[PDB]
Amino acid sequence: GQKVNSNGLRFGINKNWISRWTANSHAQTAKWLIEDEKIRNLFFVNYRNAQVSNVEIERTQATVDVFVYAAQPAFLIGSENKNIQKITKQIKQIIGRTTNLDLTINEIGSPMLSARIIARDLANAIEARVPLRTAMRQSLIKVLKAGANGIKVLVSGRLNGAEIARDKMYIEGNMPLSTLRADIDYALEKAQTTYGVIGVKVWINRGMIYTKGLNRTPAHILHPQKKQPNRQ
Amino acid sequence: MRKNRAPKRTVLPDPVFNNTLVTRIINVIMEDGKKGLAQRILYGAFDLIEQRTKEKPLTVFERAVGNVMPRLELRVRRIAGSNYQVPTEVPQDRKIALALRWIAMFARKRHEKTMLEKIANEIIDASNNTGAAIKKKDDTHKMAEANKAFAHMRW
Amino acid sequence: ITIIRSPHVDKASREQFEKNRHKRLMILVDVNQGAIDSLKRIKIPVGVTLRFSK
Amino acid sequence: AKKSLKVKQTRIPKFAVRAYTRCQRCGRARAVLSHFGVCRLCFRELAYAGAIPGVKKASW
RNA sequence: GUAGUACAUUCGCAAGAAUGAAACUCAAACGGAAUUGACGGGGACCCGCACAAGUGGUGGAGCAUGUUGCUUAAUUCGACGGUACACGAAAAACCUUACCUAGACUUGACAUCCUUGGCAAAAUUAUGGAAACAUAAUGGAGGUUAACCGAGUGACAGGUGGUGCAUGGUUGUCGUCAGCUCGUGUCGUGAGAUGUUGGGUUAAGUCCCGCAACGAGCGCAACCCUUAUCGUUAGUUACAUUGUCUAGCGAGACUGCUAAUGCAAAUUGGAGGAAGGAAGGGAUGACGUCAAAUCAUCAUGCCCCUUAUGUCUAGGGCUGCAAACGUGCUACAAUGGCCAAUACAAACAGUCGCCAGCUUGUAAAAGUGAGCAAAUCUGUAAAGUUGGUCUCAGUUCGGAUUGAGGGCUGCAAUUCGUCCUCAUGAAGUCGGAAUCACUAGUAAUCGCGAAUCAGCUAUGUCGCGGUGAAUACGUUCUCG
RNA sequence: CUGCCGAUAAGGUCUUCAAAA
Ligand SMILES: [Mg+2]
Ligand SMILES: [Mg+2]
Ligand SMILES: [Mg+2]
Ligand SMILES: [Mg+2]
Ligand SMILES: [Mg+2]
Ligand SMILES: [Mg+2]
Ligand SMILES: [Mg+2]
Ligand SMILES: [Mg+2]
Ligand SMILES: [Mg+2]
Ligand SMILES: [Mg+2]
Ligand SMILES: [Mg+2]
Ligand SMILES: [Mg+2]
Ligand SMILES: [Mg+2]
Ligand SMILES: [Mg+2]
Ligand SMILES: [Mg+2]
Ligand SMILES: [Mg+2]
Ligand SMILES: [Mg+2]
Ligand SMILES: [Mg+2]
Ligand SMILES: [Mg+2]
Ligand SMILES: [Mg+2]
Ligand SMILES: [Mg+2]
Ligand SMILES: [Mg+2]
Ligand SMILES: [Mg+2]
Ligand SMILES: [Mg+2]
Ligand SMILES: [Mg+2]
Ligand SMILES: [Mg+2]
Ligand SMILES: [Mg+2]
Ligand SMILES: [Mg+2]
Ligand SMILES: [Mg+2]
Ligand SMILES: [Mg+2]
Ligand SMILES: [Mg+2]
Ligand SMILES: [Zn+2]
């Protein structure tokens, strides 16, 4: 049957919001809401070879702050800070010159156990004509070796160019979806294949959060260092 | 298919004549969820009973309701064609409840005037074993007596 | 706010969302520069909203 | 016929009563939440990702 | 299969028996055994408003809304047993709008890429105009082109056009039912079996025993929210009849103690306790079925159109009407109609708004006009209590329909807004065969608020409180 | 404890594959 979004079921209890701002009026609540979606989509659609895991947005009456986590930030940084200037101009055109931006790339730790880049890698493999069975298994084994709990991958679509759509799942371990205390990270991606669209869904279990609180604490960014800059 | 017996809510002792049964009939004549209205209607009928019968209203009400109370109950049991009925002894709780339901049902159909006098007349007409509720009790009793043979087989 | 889950049909299946505006009050009697100057370095986390009324 | 209606909605009409509100992410016209400027089926997607601060699931 | 049929022959009084093909046709056969499911008007056991016991309804009448059919220039498209029909649509006069009739446009209303300049687009006033659009005007923020304003320019933009039987995404349903599988091992030539079935206990594949099985995953349960008592912090915009109330943290209920019987889980009773054995409610919905629903939220393979299936505007249409069905509202009444006085809520919402008071008005409302960005100000609570009257009538019931006069929104109310006042007063006196919901603050009923919204016969939807029941003996029948 | 109880147009998907990691 149908299931409630795993990310959406855990918001406001154990998971913080990706955008944290309070608008002035119901007219300014819509502009500030579509614009941040454009920024997030920009980061995700293009600049994909970087493995951007999550982009957070922080806005005040007039000051915009962006916290961008990536696995390989060299591509964003570019050759002696070139590509970086380009993206700043991109961000300024979307929000406006009248405001103040404080974009912040922040390098990420433990990149494997994140459902976003795994789905992106999965989608790239399917688009690259890689056999589906082999592609998921290599991603599954590497993620488990990274030192996490069970992972559930559902890859539904016109499998292998077939005319009848199927779906292949591969769970390997305890994925307690009905439990609220668990840390389940979820992401979904659309692999654009020449024979249509492939939907990949990745459920990852990253332990149990036994410390009550609406997070305010990082998630799989702590193990190695996490810095770099571009801020003020 | 249930295997559980339902609980029972309290009946409450009446607030005037301290005769529980008054609260039950109040709830029976209830319509539109008006507790207030129903009490007024019923209580007014006892006052009319005083003016007419010159006797204690609680005693008259018991003499009417106790006389209306049936003894046998006919439960429908179909096998192949129609239903052969089965007379069974009804419990004491259901005896009072069925009596009250009939009293109210024939009271809201009399040719009389405001339901105060309507309901007042039915109870006074039932204390002398000559009314509409009596006939209903008579009919079911005679039907059970006629269908005495199948009483042994119930299910 | 109540929103229908389904895209096309089945109005009956409709989920719900909430947004709570938690509120607090705090009235200061006398402040003076000694407090006001220290009030400049507070840095209130974005989420909290101030209604300073003087 | 979607793109032309979206552009026309942004453009000011010649009568005040000629102005209607259409979702700002997609182009859906009916069932638009003025409190958020987002239609019912984009508000679900946005709410399930955490983009709107404070919109949590309800238990009542 | 023809077919134990036809011909010939022997026996028989007779029916018939014995013997017994072929032409033609099929790729298999009412082939054999065994396995997993489904099904049985086959058994055994167990569940749910299923039946039973009650309550109030529906099917009869008027009205609102949706659908079928018919018509029309169009009556846009989709949903079609349960799982469509107050559904998409949480607002069709214009707009929406996707439809029809017309008047206009062509790298186009919107976009990128390229050679190239920016010394504008708006808005508004004129004339022609149904308005699109043209000819003339103030030539316009700015920042030297940033964004856009353009020229040139071909790739192209554009499609609510088709295919949900190509899909992604999302959802209904069995069903919050208790199931669905895997690893290793064992049995079987094999599909496959085992575990998952036996005995007890539950709402539960929940747990404990037994056991060629040993373990594991998803589901179940708990962790989350809310209501019920108390402690602590805080005391204004609450309270101020002094400890309510509001919201942060915490305590509390754990079969924790006892009695019974069971190996053990566990069941029942009692104690204390605000709360007792999932304390009430919500979120939470396994593998999968029905090629279930959506290309018309969005995205997308493929096909189709490209001075037209694309674009702008005015008018009409989505509101029709011999009919039928579904979901609701109003009633057919003295448990009531009308009039007067009057007590008691919770939740939510509010600066193009809530609108107090005052003045005018038979009234909808208008003018004046404070207060409130809100525990402060505003959004009249009604049923209910008392008094008067009606006296059972097609009525002082019932309000439909119709005529006239007004008020509000809006360019604009005829197609097609609603409110008030006056006038009229259809049907209908409890509704056939047959059906629906509900196990306590529940059914029934009375008001209040919000969403989309300039306005809207939303009587719809999502919420909040006031009053507040009846019944459950039982699984013989009924549905799953 | 033996009432009654009849029917359901044609043809159709769906396993691509282990070479292996
Ligand atoms: Mg579209
Ligand atoms: Mg032979
Ligand atoms: Mg044969
Ligand atoms: Mg079989
Ligand atoms: Mg019944
Ligand atoms: Mg009807
Ligand atoms: Mg009729
Ligand atoms: Mg239609
Ligand atoms: Mg269809
Ligand atoms: Mg259906
Ligand atoms: Mg129109
Ligand atoms: Mg200039
Ligand atoms: Mg220049
Ligand atoms: Mg298309
Ligand atoms: Mg389908
Ligand atoms: Mg066994
Ligand atoms: Mg066992
Ligand atoms: Mg649960
Ligand atoms: Mg189909
Ligand atoms: Mg029109
Ligand atoms: Mg309509
Ligand atoms: Mg209703
Ligand atoms: Mg009266
Ligand atoms: Mg006050
Ligand atoms: Mg008549
Ligand atoms: Mg009337
Ligand atoms: Mg009119
Ligand atoms: Mg009558
Ligand atoms: Mg129940
Ligand atoms: Mg009613
Ligand atoms: Mg029969
Ligand atoms: Zn939208």
# chains A, B, ... in the order shown; residues from 1 in each chain; ligands from 1

$ select_by_dssp --residues "chain D" --states "helix (DSSP H, G or I)" --output "PyMOL selection string"
chain D and resi 3-10+16-18+40-47

$ write_last_selection --atoms "C-alpha atoms" --output "mmCIF file, in the first residue's frame"
data_model
loop_
_atom_site.group_PDB
_atom_site.id
_atom_site.type_symbol
_atom_site.label_atom_id
_atom_site.label_comp_id
_atom_site.auth_asym_id
_atom_site.auth_seq_id
_atom_site.Cartn_x
_atom_site.Cartn_y
_atom_site.Cartn_z
ATOM 1 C CA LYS D 3 2.362 28.786 -20.194
ATOM 2 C CA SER D 4 0.298 31.661 -21.612
ATOM 3 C CA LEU D 5 -2.053 31.725 -18.608
ATOM 4 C CA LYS D 6 0.892 31.793 -16.193
ATOM 5 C CA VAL D 7 2.417 34.807 -17.959
ATOM 6 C CA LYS D 8 -0.953 36.584 -18.131
ATOM 7 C CA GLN D 9 -1.509 36.105 -14.390
ATOM 8 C CA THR D 10 1.785 37.881 -13.647
ATOM 9 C CA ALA D 16 -9.233 44.736 -10.518
ATOM 10 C CA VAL D 17 -11.748 41.865 -10.437
ATOM 11 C CA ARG D 18 -9.869 40.313 -13.386
ATOM 12 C CA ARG D 40 -2.463 21.902 -2.407
ATOM 13 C CA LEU D 41 -0.244 19.382 -4.225
ATOM 14 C CA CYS D 42 2.916 21.495 -4.141
ATOM 15 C CA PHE D 43 2.351 22.284 -0.462
ATOM 16 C CA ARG D 44 2.442 18.535 0.233
ATOM 17 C CA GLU D 45 5.779 18.091 -1.540
ATOM 18 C CA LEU D 46 7.268 21.164 0.134
ATOM 19 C CA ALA D 47 5.918 20.209 3.579
#

$ residues_near_ligand --ligand "ligand 18" --cutoff "9 Å" --atoms "only C-alpha atoms (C1' of nucleotides) and all ligand atoms" --output "ChimeraX atom specification"
/A:178-179 /E:176,220-222,284

$ write_last_selection --atoms "N, CA, C and O atoms (P, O5', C5', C4', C3', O3' and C1' of nucleotides)" --output "PDB file, in the first residue's frame"
ATOM      1  N   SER A 178       8.360   2.116  10.803  1.00  0.00           N
ATOM      2  CA  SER A 178       7.302   2.509  11.724  1.00  0.00           C
ATOM      3  C   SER A 178       7.827   3.170  12.993  1.00  0.00           C
ATOM      4  O   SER A 178       7.028   3.731  13.751  1.00  0.00           O
ATOM      5  N   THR A 179       9.132   3.122  13.242  1.00  0.00           N
ATOM      6  CA  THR A 179       9.704   3.674  14.462  1.00  0.00           C
ATOM      7  C   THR A 179      10.049   5.143  14.262  1.00  0.00           C
ATOM      8  O   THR A 179      10.610   5.527  13.231  1.00  0.00           O
TER       9      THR A 179
ATOM     10  P     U E 176      -9.725  -0.681   8.108  1.00  0.00           P
ATOM     11  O5'   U E 176      -8.863  -0.619   9.444  1.00  0.00           O
ATOM     12  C5'   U E 176      -7.492  -0.236   9.403  1.00  0.00           C
ATOM     13  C4'   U E 176      -6.592  -1.349   9.877  1.00  0.00           C
ATOM     14  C3'   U E 176      -6.691  -1.680  11.365  1.00  0.00           C
ATOM     15  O3'   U E 176      -6.488  -3.079  11.549  1.00  0.00           O
ATOM     16  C1'   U E 176      -4.477  -1.056  10.844  1.00  0.00           C
ATOM     17  P     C E 220       2.856  -1.694  11.650  1.00  0.00           P
ATOM     18  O5'   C E 220       2.477  -2.900  12.619  1.00  0.00           O
ATOM     19  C5'   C E 220       1.180  -3.478  12.588  1.00  0.00           C
ATOM     20  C4'   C E 220       0.945  -4.376  13.776  1.00  0.00           C
ATOM     21  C3'   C E 220       1.175  -3.743  15.135  1.00  0.00           C
ATOM     22  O3'   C E 220       0.066  -2.974  15.565  1.00  0.00           O
ATOM     23  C1'   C E 220       2.229  -5.862  15.056  1.00  0.00           C
ATOM     24  P     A E 221       0.286  -1.525  16.220  1.00  0.00           P
ATOM     25  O5'   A E 221       1.019  -1.828  17.599  1.00  0.00           O
ATOM     26  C5'   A E 221       0.321  -2.422  18.683  1.00  0.00           C
ATOM     27  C4'   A E 221       1.263  -2.796  19.796  1.00  0.00           C
ATOM     28  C3'   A E 221       2.095  -1.648  20.350  1.00  0.00           C
ATOM     29  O3'   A E 221       1.402  -0.934  21.358  1.00  0.00           O
ATOM     30  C1'   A E 221       3.504  -3.494  19.856  1.00  0.00           C
ATOM     31  P     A E 222       1.308   0.670  21.303  1.00  0.00           P
ATOM     32  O5'   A E 222       2.663   1.175  21.967  1.00  0.00           O
ATOM     33  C5'   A E 222       2.964   0.880  23.322  1.00  0.00           C
ATOM     34  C4'   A E 222       4.433   1.061  23.605  1.00  0.00           C
ATOM     35  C3'   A E 222       5.008   2.413  23.207  1.00  0.00           C
ATOM     36  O3'   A E 222       4.833   3.397  24.212  1.00  0.00           O
ATOM     37  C1'   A E 222       6.364   0.691  22.319  1.00  0.00           C
ATOM     38  P     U E 284      -1.161   8.736   8.769  1.00  0.00           P
ATOM     39  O5'   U E 284      -0.058   7.659   9.183  1.00  0.00           O
ATOM     40  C5'   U E 284       1.325   7.979   9.170  1.00  0.00           C
ATOM     41  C4'   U E 284       2.119   7.048  10.054  1.00  0.00           C
ATOM     42  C3'   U E 284       2.049   5.563   9.721  1.00  0.00           C
ATOM     43  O3'   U E 284       2.940   5.177   8.689  1.00  0.00           O
ATOM     44  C1'   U E 284       1.687   5.866  12.035  1.00  0.00           C
TER      45        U E 284
END

$ atom_distance --atom1 "CA of residue 101 (chain B)" --atom2 "CA of residue 29 (chain B)"
8.5 Å

$ residues_near_ligand --ligand "ligand 4" --cutoff "9 Å" --atoms "only C-alpha atoms (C1' of nucleotides) and all ligand atoms" --output "number ranges by chain"
E: 35-37

$ interface_residues --of "chain E" --to "chain B" --cutoff "8 Å" --atoms "only C-alpha atoms (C1' of nucleotides)" --output "JSON, numbers by chain"
{"E": [46, 47, 334, 335, 384, 392, 444, 445, 467, 468, 469, 470, 472, 475, 476, 477]}

$ residues_near_ligand --ligand "ligand 15" --cutoff "7 Å" --atoms "only C-alpha atoms (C1' of nucleotides) and all ligand atoms" --output "count of residues only"
3

$ select_by_dssp --residues "chain A" --states "strand (DSSP E or B)" --output "ChimeraX atom specification"
/A:11,15,19-20,52-60,63-70,101-107,151-157,166-171,182-193,196-208

$ residues_near_ligand --ligand "ligand 12" --cutoff "8 Å" --atoms "only C-alpha atoms (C1' of nucleotides) and all ligand atoms" --output "PyMOL selection string"
chain E and resi 119-120+140

$ write_last_selection --atoms "N, CA and C atoms (P, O5', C5', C4', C3', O3' and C1' of nucleotides)" --output "PDB file, in the first residue's frame"
ATOM      1  P     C E 119      19.512  53.740 -23.116  1.00  0.00           P
ATOM      2  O5'   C E 119      18.112  54.259 -23.670  1.00  0.00           O
ATOM      3  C5'   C E 119      17.592  55.526 -23.296  1.00  0.00           C
ATOM      4  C4'   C E 119      17.634  56.514 -24.438  1.00  0.00           C
ATOM      5  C3'   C E 119      17.889  55.936 -25.827  1.00  0.00           C
ATOM      6  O3'   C E 119      16.694  55.570 -26.500  1.00  0.00           O
ATOM      7  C1'   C E 119      19.385  57.745 -25.416  1.00  0.00           C
ATOM      8  P     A E 120      15.955  54.170 -26.212  1.00  0.00           P
ATOM      9  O5'   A E 120      15.063  54.467 -24.926  1.00  0.00           O
ATOM     10  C5'   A E 120      13.679  54.146 -24.907  1.00  0.00           C
ATOM     11  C4'   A E 120      13.423  52.751 -24.394  1.00  0.00           C
ATOM     12  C3'   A E 120      11.952  52.365 -24.279  1.00  0.00           C
ATOM     13  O3'   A E 120      11.415  51.872 -25.495  1.00  0.00           O
ATOM     14  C1'   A E 120      13.063  51.865 -22.250  1.00  0.00           C
ATOM     15  P     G E 140      12.129  57.975 -22.402  1.00  0.00           P
ATOM     16  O5'   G E 140      12.212  57.157 -21.038  1.00  0.00           O
ATOM     17  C5'   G E 140      13.156  57.508 -20.030  1.00  0.00           C
ATOM     18  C4'   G E 140      12.551  58.322 -18.909  1.00  0.00           C
ATOM     19  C3'   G E 140      12.140  57.528 -17.666  1.00  0.00           C
ATOM     20  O3'   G E 140      12.463  58.278 -16.496  1.00  0.00           O
ATOM     21  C1'   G E 140      10.290  58.749 -18.478  1.00  0.00           C
TER      22        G E 140
END

$ interface_residues --of "chain D" --to "chain C" --cutoff "7 Å" --atoms "only C-alpha atoms" --output "list in words"
residues 40, 54, 55, 56, 57 and 58 of chain D

$ residues_near_ligand --ligand "ligand 3" --cutoff "12 Å" --atoms "only C-alpha atoms (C1' of nucleotides) and all ligand atoms" --output "list in words"
residues 1, 2, 3, 4, 29, 30 and 31 of chain E

$ interface_residues --of "chain B" --to "chain F" --cutoff "10 Å" --atoms "only C-alpha atoms (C1' of nucleotides)" --output "list in words"
residues 79, 80, 81 and 82 of chain B

$ residues_around --residues "region 31-44 of chain C" --least-positions-apart "5" --cutoff "12 Å" --atoms "only C-alpha atoms (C1' of nucleotides)" --output "list in words"
residues 60 of chain A; 49, 50 and 54 of chain C

$ residues_near_ligand --ligand "ligand 9" --cutoff "10 Å" --atoms "only C-alpha atoms (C1' of nucleotides) and all ligand atoms" --output "JSON, numbers by chain"
{"E": [78, 79, 80, 164, 293, 294]}

$ interface_residues --of "chain D" --to "chain A" --cutoff "8 Å" --atoms "only C-alpha atoms" --output "compact mmCIF listing (two decimals) with C-alpha atoms, in the first residue's frame"
# COMPACT_ATOMS: atom_id res chain seq x y z
CA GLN D 24 3.81 30.22 -7.89
CA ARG D 25 5.72 26.93 -8.25
CA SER D 34 -3.20 32.39 -0.13
CA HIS D 35 -1.44 31.93 3.22
CA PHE D 36 1.47 30.36 1.31
CA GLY D 37 0.89 31.12 -2.38
CA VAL D 38 1.26 27.39 -3.05
CA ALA D 47 5.92 20.21 3.58
CA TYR D 48 7.39 16.70 3.29
CA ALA D 49 10.87 18.15 2.67
CA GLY D 50 11.02 20.78 5.43
CA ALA D 51 11.13 23.87 3.22
CA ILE D 52 8.33 25.64 5.13
CA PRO D 53 9.46 26.26 8.75
CA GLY D 54 7.02 25.00 11.37
CA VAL D 55 4.61 22.93 9.22
CA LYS D 56 4.75 19.61 11.05
CA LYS D 57 2.35 16.71 10.82

$ residues_near_ligand --ligand "ligand 27" --cutoff "12 Å" --atoms "only C-alpha atoms (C1' of nucleotides) and all ligand atoms" --output "PDB file with N, CA and C atoms (P, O5', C5', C4', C3', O3' and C1' of nucleotides), in the first residue's frame"
ATOM      1  P     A E  93     -19.136  33.243 -11.034  1.00  0.00           P
ATOM      2  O5'   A E  93     -19.809  34.078 -12.210  1.00  0.00           O
ATOM      3  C5'   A E  93     -20.601  33.443 -13.203  1.00  0.00           C
ATOM      4  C4'   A E  93     -21.107  34.442 -14.212  1.00  0.00           C
ATOM      5  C3'   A E  93     -20.025  35.154 -15.017  1.00  0.00           C
ATOM      6  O3'   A E  93     -19.687  34.425 -16.186  1.00  0.00           O
ATOM      7  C1'   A E  93     -21.464  36.758 -14.050  1.00  0.00           C
ATOM      8  P     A E 413     -25.063  45.670 -12.768  1.00  0.00           P
ATOM      9  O5'   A E 413     -25.241  44.097 -12.651  1.00  0.00           O
ATOM     10  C5'   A E 413     -25.589  43.343 -13.807  1.00  0.00           C
ATOM     11  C4'   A E 413     -26.252  42.039 -13.458  1.00  0.00           C
ATOM     12  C3'   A E 413     -27.562  42.159 -12.687  1.00  0.00           C
ATOM     13  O3'   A E 413     -28.445  41.118 -13.098  1.00  0.00           O
ATOM     14  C1'   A E 413     -26.000  40.921 -11.412  1.00  0.00           C
ATOM     15  P     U E 414     -30.003  41.436 -13.320  1.00  0.00           P
ATOM     16  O5'   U E 414     -30.342  40.713 -14.698  1.00  0.00           O
ATOM     17  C5'   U E 414     -31.683  40.434 -15.067  1.00  0.00           C
ATOM     18  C4'   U E 414     -31.750  39.685 -16.375  1.00  0.00           C
ATOM     19  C3'   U E 414     -30.915  38.415 -16.447  1.00  0.00           C
ATOM     20  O3'   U E 414     -31.580  37.295 -15.897  1.00  0.00           O
ATOM     21  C1'   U E 414     -30.593  39.721 -18.414  1.00  0.00           C
ATOM     22  P     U E 415     -30.736  36.136 -15.175  1.00  0.00           P
ATOM     23  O5'   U E 415     -30.076  35.329 -16.380  1.00  0.00           O
ATOM     24  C5'   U E 415     -30.880  34.542 -17.243  1.00  0.00           C
ATOM     25  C4'   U E 415     -30.100  34.013 -18.421  1.00  0.00           C
ATOM     26  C3'   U E 415     -28.851  33.199 -18.098  1.00  0.00           C
ATOM     27  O3'   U E 415     -29.123  31.820 -17.898  1.00  0.00           O
ATOM     28  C1'   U E 415     -28.351  34.844 -19.749  1.00  0.00           C
ATOM     29  P     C E 416     -29.761  31.287 -16.521  1.00  0.00           P
ATOM     30  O5'   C E 416     -29.104  32.211 -15.405  1.00  0.00           O
ATOM     31  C5'   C E 416     -29.021  31.778 -14.051  1.00  0.00           C
ATOM     32  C4'   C E 416     -27.960  32.531 -13.286  1.00  0.00           C
ATOM     33  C3'   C E 416     -28.220  34.026 -13.110  1.00  0.00           C
ATOM     34  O3'   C E 416     -27.684  34.446 -11.859  1.00  0.00           O
ATOM     35  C1'   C E 416     -26.179  33.714 -14.240  1.00  0.00           C
ATOM     36  P     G E 417     -28.596  35.230 -10.794  1.00  0.00           P
ATOM     37  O5'   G E 417     -27.675  35.280  -9.497  1.00  0.00           O
ATOM     38  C5'   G E 417     -26.460  34.546  -9.459  1.00  0.00           C
ATOM     39  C4'   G E 417     -25.566  34.997  -8.334  1.00  0.00           C
ATOM     40  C3'   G E 417     -26.241  35.229  -6.995  1.00  0.00           C
ATOM     41  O3'   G E 417     -26.467  34.035  -6.271  1.00  0.00           O
ATOM     42  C1'   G E 417     -24.809  37.043  -7.479  1.00  0.00           C
ATOM     43  P     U E 418     -27.960  33.469  -6.113  1.00  0.00           P
ATOM     44  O5'   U E 418     -28.378  33.922  -4.645  1.00  0.00           O
ATOM     45  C5'   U E 418     -27.644  33.463  -3.523  1.00  0.00           C
ATOM     46  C4'   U E 418     -27.215  34.592  -2.620  1.00  0.00           C
ATOM     47  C3'   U E 418     -28.303  35.245  -1.788  1.00  0.00           C
ATOM     48  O3'   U E 418     -28.628  34.495  -0.630  1.00  0.00           O
ATOM     49  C1'   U E 418     -26.944  36.915  -2.772  1.00  0.00           C
TER      50        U E 418
END

$ residues_near_ligand --ligand "ligand 17" --cutoff "10 Å" --atoms "only C-alpha atoms (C1' of nucleotides) and all ligand atoms" --output "MDAnalysis selection string"
chainID E and resid 195:198 205 209:211 213

$ atom_distance --atom1 "atom 1 (Mg, counted along the ligand's line) of ligand 22" --atom2 "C1' of residue 459 (chain E)"
7.9 Å

$ residues_near_ligand --ligand "ligand 23" --cutoff "9 Å" --atoms "only C-alpha atoms (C1' of nucleotides) and all ligand atoms" --output "list in words"
residues 334, 336, 337, 338, 389 and 390 of chain E

$ write_last_selection --atoms "C-alpha atoms (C1' of nucleotides)" --output "PDB file, in the first residue's frame"
ATOM      1  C1'   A E 334     -48.255  21.547  20.319  1.00  0.00           C
ATOM      2  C1'   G E 336     -44.519  22.863  18.383  1.00  0.00           C
ATOM      3  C1'   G E 337     -45.365  28.163  15.844  1.00  0.00           C
ATOM      4  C1'   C E 338     -45.061  33.479  17.260  1.00  0.00           C
ATOM      5  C1'   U E 389     -50.862  33.445  23.087  1.00  0.00           C
ATOM      6  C1'   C E 390     -52.400  29.824  19.504  1.00  0.00           C
TER       7        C E 390
END

$ residues_around --residues "region 51-59 of chain B" --least-positions-apart "2" --cutoff "9 Å" --atoms "only C-alpha atoms (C1' of nucleotides)" --output "NGL selection string"
:B and (17 or 19 or 22 or 46-49 or 61-64 or 124)

$ write_last_selection --atoms "C-alpha atoms" --output "short mmCIF file (atom, residue, chain, number, x, y, z; two decimals), in the first residue's frame"
data_model
loop_
_atom_site.label_atom_id
_atom_site.label_comp_id
_atom_site.auth_asym_id
_atom_site.auth_seq_id
_atom_site.Cartn_x
_atom_site.Cartn_y
_atom_site.Cartn_z
CA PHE B 17 -40.15 10.06 43.86
CA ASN B 19 -37.92 5.52 41.81
CA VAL B 22 -38.79 7.46 36.23
CA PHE B 46 -48.18 13.26 37.42
CA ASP B 47 -49.75 16.55 38.47
CA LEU B 48 -52.65 15.87 36.12
CA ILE B 49 -52.86 12.37 37.63
CA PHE B 61 -47.23 4.64 37.65
CA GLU B 62 -45.99 1.38 39.14
CA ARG B 63 -49.48 -0.14 38.93
CA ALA B 64 -49.63 0.84 35.25
CA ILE B 124 -54.05 5.99 33.89
#

$ residues_near_ligand --ligand "ligand 28" --cutoff "9 Å" --atoms "only C-alpha atoms (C1' of nucleotides) and all ligand atoms" --output "MDAnalysis selection string"
chainID E and resid 332:333 392 429
